Amino acid sequence: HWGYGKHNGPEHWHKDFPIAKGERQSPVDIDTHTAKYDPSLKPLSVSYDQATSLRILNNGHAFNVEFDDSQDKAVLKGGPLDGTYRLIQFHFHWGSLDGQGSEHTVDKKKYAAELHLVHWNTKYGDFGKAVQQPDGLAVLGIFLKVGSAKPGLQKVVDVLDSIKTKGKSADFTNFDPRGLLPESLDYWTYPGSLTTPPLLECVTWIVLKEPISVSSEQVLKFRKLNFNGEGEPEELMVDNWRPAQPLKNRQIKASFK
Ligand SMILES: On1cccc(C(F)(F)F)c1=S
Ligand SMILES: [Zn+2]
């Protein structure tokens with residue numbers, strides 16, 4: 001099945017998921033010189049005050065911090081979006097070395113990691129119906145650079161020991177995702193896709209310009225997770241990122257001058 005190795009990585013996905021070579025695939029390189037300021041964009045509204053985290057899961061590709069999305073509790077709206085999108089989970093993509101790991105790049109620059117906060121358009125009723133629509137998802141993408149620790153990340157890092165292998169989960173209540181945001185909400189936005197199979201083309205990407213800083217010790221703990229299940233040979237969960245895809249007939253818009 002799919003993964004990130006020589007034999008089952010991104011260059012192979014198209015054979016089971018032909019939409020891998022589609023017209024609005026993610027991630028992309030963000031060419032800062034080419035991305036035009038759009039003054040019709042609205043400020044982004046991130047309302048995470050009532051977010052209710054439930055659980056963290058190692059899914060064999062990444063770890064997902066899952067939220068109760070049965071009520072309008074934690075929502076993203078504004079920016080390029082029409083309507084209201086509900087937070088369902090966040091996860092990261094990261095590298096084996098600090099020089100790589102993000103999926104979007106900025107003028108070809110790769111960051112050490114990238115946080116994806118996943119939200120579904122509540123006009124579609126649930127997540128499953130939202131991923132059958134071209135405006136079904138909104139993902140807030142935030143880059144990580146290695147420097148000072150991010151205090152709001154430490155509760156995630158400290159639980160990782162308990163979900164080392166594929167299929168392991170742990171209780172993860174009362175986590176506040178506001179602690180993972182940078183100061184500024186300036187962003188770039190473009191229409192794209194999931195960056196893992198099934199690669200569906202449902203996503204309004206909103207990529208913040210300002211990275212957050214995490215410590216070398218924090219990202220080193222991400223890299224001690226395993227892609228394999230318990231009792232299987234150890235394969236470190238590193239380099240779970242897809243490289244930049246052709247932009248095709250798309251424009252990337254900036255919310256800021
Ligand atoms: O990485 N990944 C995995 C599953 C779903 C998504 C999303 F957010 F696009 F829906 C992503 S980015
Ligand atoms: Zn992702």
# chains A, B, ... in the order shown; residues from 1 in each chain; ligands from 1
$ residues_near_ligand --ligand "ligand 1" --cutoff "7 Å" --atoms "only C-alpha atoms and all ligand atoms" --output "ChimeraX atom specification"
/A:116-118,137,139,193-196,203
$ residues_around --residues "residue 79 in chain A" --least-positions-apart "3" --cutoff "9 Å" --atoms "only C-alpha atoms" --output "short mmCIF file (atom, residue, chain, number, x, y, z; two decimals) with C-alpha atoms, in the first residue's frame"
data_model
loop_
_atom_site.label_atom_id
_atom_site.label_comp_id
_atom_site.auth_asym_id
_atom_site.auth_seq_id
_atom_site.Cartn_x
_atom_site.Cartn_y
_atom_site.Cartn_z
CA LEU A 41 -9.42 38.80 0.44
CA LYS A 42 -10.88 39.14 3.96
CA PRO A 43 -9.02 38.77 7.15
CA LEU A 44 -8.88 35.20 8.21
CA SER A 45 -11.07 34.31 11.27
CA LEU A 76 -12.30 28.74 10.29
CA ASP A 82 -17.36 31.32 1.76
CA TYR A 187 -1.29 34.10 4.14
CA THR A 189 -4.13 30.88 -0.82
CA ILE A 206 -4.43 28.86 3.28
CA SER A 255 -3.55 38.44 1.63
#
$ select_by_dssp --residues "range 119-257 of chain A" --states "alpha helix (DSSP H)" --output "list in words"
residues 127, 128, 129, 130, 154, 155, 156, 157, 158, 159, 216, 217, 218, 219, 220, 221 and 222 of chain A
$ select_by_dssp --residues "range 29-180 of chain A" --states "strand (DSSP E or B)" --output "ChimeraX atom specification"
/A:29-30,36-37,44-47,53-58,63-67,75-78,85-94,105-106,109,113-121,137-146,169-171
$ closest_residue --among "A:114, A:186, A:126, A:201" --to "residue 87 in chain A" --atoms "only C-alpha atoms"
A:126
$ residues_around --residues "range 151-166 of chain A" --least-positions-apart "2" --cutoff "6 Å" --atoms "only C-alpha atoms" --output "PyMOL selection string"
chain A and resi 58-60+149+168-169+179-180+225-230
$ write_last_selection --atoms "N, CA and C atoms" --output "PDB file, in the first residue's frame"
ATOM      1  N   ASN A  58      -1.518   7.454  15.896  1.00  0.00           N
ATOM      2  CA  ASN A  58      -0.463   7.198  14.878  1.00  0.00           C
ATOM      3  C   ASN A  58      -1.158   6.360  13.735  1.00  0.00           C
ATOM      4  N   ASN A  59      -1.337   6.962  12.551  1.00  0.00           N
ATOM      5  CA  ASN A  59      -2.013   6.247  11.455  1.00  0.00           C
ATOM      6  C   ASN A  59      -1.127   5.562  10.465  1.00  0.00           C
ATOM      7  N   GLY A  60       0.160   5.442  10.843  1.00  0.00           N
ATOM      8  CA  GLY A  60       1.095   4.773   9.968  1.00  0.00           C
ATOM      9  C   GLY A  60       1.753   5.679   8.951  1.00  0.00           C
ATOM     10  N   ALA A 149      12.031  26.725  21.324  1.00  0.00           N
ATOM     11  CA  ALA A 149      10.898  25.851  21.527  1.00  0.00           C
ATOM     12  C   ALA A 149       9.557  26.560  21.420  1.00  0.00           C
ATOM     13  N   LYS A 168      -1.592   2.761  17.137  1.00  0.00           N
ATOM     14  CA  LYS A 168      -1.684   3.213  18.532  1.00  0.00           C
ATOM     15  C   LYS A 168      -2.368   4.555  18.669  1.00  0.00           C
ATOM     16  N   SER A 169      -3.255   4.694  19.662  1.00  0.00           N
ATOM     17  CA  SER A 169      -3.880   5.974  19.992  1.00  0.00           C
ATOM     18  C   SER A 169      -3.774   6.246  21.514  1.00  0.00           C
ATOM     19  N   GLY A 179      -2.252  27.507  20.671  1.00  0.00           N
ATOM     20  CA  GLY A 179      -0.834  27.600  21.030  1.00  0.00           C
ATOM     21  C   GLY A 179       0.125  27.227  19.925  1.00  0.00           C
ATOM     22  N   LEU A 180      -0.420  26.806  18.753  1.00  0.00           N
ATOM     23  CA  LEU A 180       0.436  26.438  17.624  1.00  0.00           C
ATOM     24  C   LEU A 180       0.495  27.503  16.548  1.00  0.00           C
ATOM     25  N   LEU A 225       9.058   8.555  16.091  1.00  0.00           N
ATOM     26  CA  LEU A 225       7.880   7.763  15.811  1.00  0.00           C
ATOM     27  C   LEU A 225       8.215   6.731  14.737  1.00  0.00           C
ATOM     28  N   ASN A 226       7.302   5.773  14.572  1.00  0.00           N
ATOM     29  CA  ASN A 226       7.507   4.670  13.635  1.00  0.00           C
ATOM     30  C   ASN A 226       6.359   4.641  12.627  1.00  0.00           C
ATOM     31  N   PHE A 227       6.686   4.315  11.349  1.00  0.00           N
ATOM     32  CA  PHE A 227       5.661   4.021  10.351  1.00  0.00           C
ATOM     33  C   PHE A 227       5.081   2.608  10.578  1.00  0.00           C
ATOM     34  N   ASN A 228       5.919   1.714  11.071  1.00  0.00           N
ATOM     35  CA  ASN A 228       5.467   0.297  11.219  1.00  0.00           C
ATOM     36  C   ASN A 228       4.569   0.118  12.425  1.00  0.00           C
ATOM     37  N   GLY A 229       3.877  -1.025  12.466  1.00  0.00           N
ATOM     38  CA  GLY A 229       3.218  -1.452  13.666  1.00  0.00           C
ATOM     39  C   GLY A 229       4.124  -2.124  14.681  1.00  0.00           C
ATOM     40  N   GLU A 230       3.603  -2.237  15.898  1.00  0.00           N
ATOM     41  CA  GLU A 230       4.257  -2.972  16.950  1.00  0.00           C
ATOM     42  C   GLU A 230       4.682  -4.392  16.503  1.00  0.00           C
TER      43      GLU A 230
END
$ closest_residue --among "A:74, A:237, A:54, A:202" --to "residue 23 in chain A" --atoms "only C-alpha atoms"
A:202
$ closest_residue --among "A:13, A:174, A:120, A:64" --to "residue 134 in chain A" --atoms "only C-alpha atoms"
A:120
$ closest_residue --among "A:102, A:53, A:240, A:34" --to "residue 173 in chain A" --atoms "only C-alpha atoms"
A:53
$ decode --residues "range 94-229 of chain A" --atoms "C-alpha atoms" --output "short mmCIF file (atom, residue, chain, number, x, y, z; two decimals), in the first residue's frame"
data_model
loop_
_atom_site.label_atom_id
_atom_site.label_comp_id
_atom_site.auth_asym_id
_atom_site.auth_seq_id
_atom_site.Cartn_x
_atom_site.Cartn_y
_atom_site.Cartn_z
CA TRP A 94 8.39 16.53 8.62
CA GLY A 95 11.86 15.61 7.57
CA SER A 96 14.76 13.35 8.64
CA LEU A 97 16.98 16.50 8.76
CA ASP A 98 16.13 20.12 9.54
CA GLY A 99 16.77 21.13 5.87
CA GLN A 100 13.67 19.35 4.60
CA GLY A 101 10.19 18.30 5.73
CA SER A 102 7.61 20.86 4.59
CA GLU A 103 5.34 20.15 1.67
CA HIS A 104 4.78 23.68 0.46
CA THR A 105 7.94 25.52 -0.28
CA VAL A 106 8.46 29.33 -0.47
CA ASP A 107 10.81 30.38 -3.32
CA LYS A 108 11.99 26.73 -3.26
CA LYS A 109 12.84 26.99 0.47
CA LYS A 110 11.94 23.83 2.45
CA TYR A 111 11.09 24.25 6.10
CA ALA A 112 11.74 21.57 8.76
CA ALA A 113 8.09 20.65 9.02
CA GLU A 114 4.56 21.80 8.17
CA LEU A 115 1.42 21.76 10.37
CA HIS A 116 -1.92 21.15 8.65
CA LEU A 117 -5.12 22.13 10.50
CA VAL A 118 -7.95 20.40 8.64
CA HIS A 119 -11.44 21.83 8.35
CA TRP A 120 -14.60 20.73 6.47
CA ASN A 121 -17.32 22.97 4.90
CA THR A 122 -20.34 22.59 7.21
CA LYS A 123 -22.72 23.16 4.19
CA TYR A 124 -21.93 19.47 3.30
CA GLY A 125 -22.99 18.03 6.64
CA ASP A 126 -20.02 15.77 7.36
CA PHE A 127 -16.41 15.23 6.35
CA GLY A 128 -17.19 12.30 4.12
CA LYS A 129 -19.60 14.33 1.94
CA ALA A 130 -17.31 17.41 2.03
CA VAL A 131 -14.46 15.38 0.31
CA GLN A 132 -16.73 14.84 -2.66
CA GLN A 133 -16.83 18.62 -3.33
CA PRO A 134 -14.32 21.03 -4.84
CA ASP A 135 -14.83 23.44 -1.92
CA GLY A 136 -15.24 20.74 0.75
CA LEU A 137 -12.09 21.39 2.85
CA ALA A 138 -10.02 24.29 4.08
CA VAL A 139 -6.52 23.52 5.37
CA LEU A 140 -4.50 26.06 7.34
CA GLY A 141 -0.84 25.27 6.66
CA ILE A 142 1.83 26.62 9.03
CA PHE A 143 5.60 26.12 8.56
CA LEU A 144 7.95 25.05 11.31
CA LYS A 145 11.54 26.21 11.61
CA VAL A 146 14.03 24.96 14.17
CA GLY A 147 15.13 27.53 16.78
CA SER A 148 13.36 28.35 20.07
CA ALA A 149 10.90 25.85 21.53
CA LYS A 150 7.16 26.27 20.96
CA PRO A 151 5.68 25.90 24.41
CA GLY A 152 2.19 25.12 23.03
CA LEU A 153 3.64 22.13 21.14
CA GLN A 154 5.20 20.39 24.19
CA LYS A 155 2.02 18.54 25.23
CA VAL A 156 2.00 16.92 21.77
CA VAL A 157 5.67 16.05 21.88
CA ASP A 158 5.36 14.44 25.38
CA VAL A 159 2.53 12.09 24.34
CA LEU A 160 4.40 10.69 21.28
CA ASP A 161 6.13 7.96 23.32
CA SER A 162 2.69 6.45 23.93
CA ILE A 163 1.80 6.17 20.26
CA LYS A 164 5.08 5.09 18.77
CA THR A 165 3.70 2.60 16.22
CA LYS A 166 0.99 2.38 13.60
CA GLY A 167 -2.51 1.96 15.01
CA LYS A 168 -1.68 3.21 18.53
CA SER A 169 -3.88 5.97 19.99
CA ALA A 170 -4.04 7.87 23.28
CA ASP A 171 -6.46 10.15 25.03
CA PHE A 172 -5.65 13.74 24.19
CA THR A 173 -8.30 16.00 25.74
CA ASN A 174 -8.06 19.71 26.53
CA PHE A 175 -5.36 20.57 24.02
CA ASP A 176 -5.55 24.17 22.81
CA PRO A 177 -4.52 24.55 19.18
CA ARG A 178 -4.30 28.33 19.54
CA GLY A 179 -0.83 27.60 21.03
CA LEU A 180 0.44 26.44 17.62
CA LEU A 181 -0.35 29.66 15.68
CA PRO A 182 2.28 32.35 14.80
CA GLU A 183 1.54 36.03 15.61
CA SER A 184 0.55 37.03 12.09
CA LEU A 185 -2.30 35.51 10.02
CA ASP A 186 -0.93 36.94 6.67
CA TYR A 187 -1.29 34.10 4.14
CA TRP A 188 -1.15 32.79 0.57
CA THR A 189 -4.13 30.88 -0.82
CA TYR A 190 -4.73 28.65 -3.84
CA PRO A 191 -7.07 25.69 -4.74
CA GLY A 192 -5.43 22.31 -4.24
CA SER A 193 -5.71 18.84 -2.90
CA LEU A 194 -5.00 16.41 -0.06
CA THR A 195 -1.24 15.80 -0.12
CA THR A 196 -1.65 12.08 0.70
CA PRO A 197 -3.65 9.46 -1.10
CA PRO A 198 -6.46 9.55 -2.01
CA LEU A 199 -5.21 12.99 -3.22
CA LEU A 200 -8.72 14.38 -3.57
CA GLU A 201 -9.13 17.87 -5.06
CA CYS A 202 -11.25 19.42 -2.33
CA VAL A 203 -9.02 21.88 -0.55
CA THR A 204 -8.76 25.68 -0.30
CA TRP A 205 -5.19 25.99 0.94
CA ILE A 206 -4.43 28.86 3.28
CA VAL A 207 -0.62 28.87 4.00
CA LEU A 208 0.59 31.31 6.62
CA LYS A 209 3.60 33.43 5.77
CA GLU A 210 5.04 33.51 9.31
CA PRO A 211 6.54 30.14 10.47
CA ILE A 212 6.51 29.02 14.04
CA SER A 213 9.70 28.14 15.81
CA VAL A 214 10.14 24.71 17.41
CA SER A 215 13.21 23.39 19.17
CA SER A 216 15.61 20.88 17.76
CA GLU A 217 14.60 18.58 20.74
CA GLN A 218 10.84 18.90 19.77
CA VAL A 219 11.34 17.88 16.12
CA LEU A 220 13.81 15.14 17.11
CA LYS A 221 10.89 13.55 19.09
CA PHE A 222 8.67 13.57 16.00
CA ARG A 223 11.43 11.60 14.24
CA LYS A 224 11.37 8.79 16.91
CA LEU A 225 7.88 7.76 15.81
CA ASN A 226 7.51 4.67 13.63
CA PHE A 227 5.66 4.02 10.35
CA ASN A 228 5.47 0.30 11.22
CA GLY A 229 3.22 -1.45 13.67
#
